[PDB]
Structures are given as C-alpha cells and as structure tokens.
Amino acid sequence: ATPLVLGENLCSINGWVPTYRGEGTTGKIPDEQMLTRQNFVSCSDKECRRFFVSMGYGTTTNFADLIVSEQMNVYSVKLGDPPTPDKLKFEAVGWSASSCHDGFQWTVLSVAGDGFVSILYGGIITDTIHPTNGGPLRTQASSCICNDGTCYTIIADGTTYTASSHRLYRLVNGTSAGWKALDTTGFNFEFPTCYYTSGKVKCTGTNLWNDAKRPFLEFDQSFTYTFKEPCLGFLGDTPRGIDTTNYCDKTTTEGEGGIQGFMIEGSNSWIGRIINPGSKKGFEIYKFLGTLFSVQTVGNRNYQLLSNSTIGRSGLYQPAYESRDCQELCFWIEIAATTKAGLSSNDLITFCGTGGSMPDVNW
C-alpha cells in the first residue's frame, strides 16, 4: 500500500454524467433495507464507498415514532451496493460522520453521546475530540481530504450559528496532528464540502445564519488559509430570495436556514443548486468562465440535471486512480425516497465530470 496522492491538476469539466443511481431514486425502497440519512461518498484507491447514518430497518420501524440522534449509528457500504443488512459495514456509533481514506486505512470521524467526536482509523478508536465552545460538535458530513498520508477535516462547535466556531484539524494514522482556528466572525461555515487542486484544498461551506451565498475556503498543508465570498448573482444556498446583480459582499436576504451544497473553482467554474427552493424540487448546475470571485465573470451554460426529484444535500468527492495527470472530480446528491410503506429514507445519485460538452438531459 502507498500513501494516497491526488492529482495536482484538475480535469477540464464541461459536462456531467451520472455514474450511479440508487434504486430509491426511481422506485420505492424495500422494507428490509436500512433507512439512511446523511449519505455521502468518499473514495479509496481501490473503490468508492457510501457512508451514511442509520435510522433503523424499514420493517422494524413504525411511522408514528420519530427516531432520535442517540440511537443512530454510522454505516458504510460499497458505492453501487444497496444498504441491505448483509451489505452493511458498521463503522462507528454516532449521528454525524465524515471519512476519508489515506491509502492505508479508513479514517472515520463520528459524533456521539455527549456530542463529542470519536476518530477511528481502520475500525479502531485512535482519538477523541471534546467540545470547548459548548454544545454538540459537528463534522463535515462529507468526505474529508487525504493527501500524502495526512488528512484534513473541519469541525464546528457552538450552541447556535450566530455563535459558531470552526477548527481545521489535521490527522495522521488516526491521531490529531494539530489544528488551527478558522476566523469565522460575522458569518457561519457549516458542512464544508471539499476537494484538492494545485496544492490547496478548497471548501464550499453553508451559511445558516446571515447568508444566501456560500462561503468559500482555501487552505494548504501549512494551514495558511483565506475565506473568499463568491461575487455572483447566482445564489447557491437554500432557501434564498431571488437572483441579484454581482457583488463581492454577502447576500443577507433570506440568508437564514441552509442546506449542504457545493461550488467548484477552476478554469471553468460551477455552481450547483436546488432549483425550486419552495418545493425543494430539481437540481441545476451552472457553468462560468473564470473565477467565481470576480464580479466580471459570465454565466455560460445551465444544466438542469434533475427536475422531478425532491432534493437535499449535495457534495463533492474525488475518486483516485492512476488515470493520468488529470484529477477526476465527482459529486453526489441526496434525494428523498420512501419505503414500500411510508418512511423517508434518502438515496444517492452521483455525477462525474467529462471534458466534453453534453446535451440537455433530465435524469
């Protein structure tokens, strides 16, 4: 085994094709399946896995019950496999999780009991992190980023989003190798969703407090970091008011509330978003020439990927292969499902970028 190394240069992306689609994205879910929530995807050098948080089996769960965070566990499955009892791999106990593969073992961060974080490397507990700022900690709920055997993840603390604190942790073989406070003051940065290019990790957060755009974060291996705010009238977050003119300030109108989502910075740049913030129906992703951080930059192409489906969280992931100089970039989108008889499991659909332009398709 060899430390996971990611490609320094990103693939040109001009289009998107689905690489995976759960069976609940179209039909109903069999009752025997585990009910999932907080799905995401994270890849090893061998394969891509779908992590999630269990709500219990659909058959042993009655509708009248609301189920509760303390009862929740973190499971894994191979992306492409359905969450049947036999496919499930128990990962840890918790109601929130993030994970990444360094090239040796899986590192998994879970939030449990009190609201602290267990860190487990290859299934065994190597470290715990405790809340200072009070109230429960919170993980990215997205793949963390490993490069050269050290992994980077962002952890949130605090009673409310008005009062949140965020630390950027560095992990090695499952133990914390230090961290840095991120200066958040005046705004809020939750559920960051991240990728790596050109020696820097680039994360799209979610502002649940005072913002209908998405804060953006750049940092490198030495923890020198800057927050950037996108200067485009295309509002990523949900809910949100209305599209605006471009400006490098933050859009405070309907800024409160939010759901996890991404933006991609590159040669081409992308913003994905929920189409109808009322009904939560549809998902669109939208292309831009040059940076998201210039007020100068121009909308080009809008792909309405999903129309008929109730959408929620979305996030990025990078699969790792020899491939070539090119680093592939993919993203997932969680979708409302229902069990054969009621119940609100979610399922996944994933897209990968192609260099080619693509035709208009509703999946």
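All residue numbers refer to positions in the sequence shown, first residue = 1.
Between 340-348 and 17-25, it is 340-348 that carries the larger average Cα temperature factor according to the deposited entry.
Looking at 354-362 and 3-11 together, the entry lists the larger mean B-factor for 3-11, computed on C-alpha atoms. Highest CA B-factor among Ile333, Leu306, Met55, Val298, as stated in the entry: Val298. Note on the listed residues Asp237, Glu284, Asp220, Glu91: the highest Cα temperature factor in the record is that of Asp220. For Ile125, the recorded CA B-factor ranks within the middle third of the chain. Only modelled residues enter the ranking.
Sort the chain's modelled residues by C-alpha temperature factor and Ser69 lands in the middle third, per the entry. Ranked by Cα temperature factor within the chain, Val41 sits in the lowest third according to the deposited record. For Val108, the recorded CA temperature factor ranks within the lowest third of the chain's modelled residues.
The entry lists a Cα temperature factor for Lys78 that places it in the lowest third of the chain's modelled residues.
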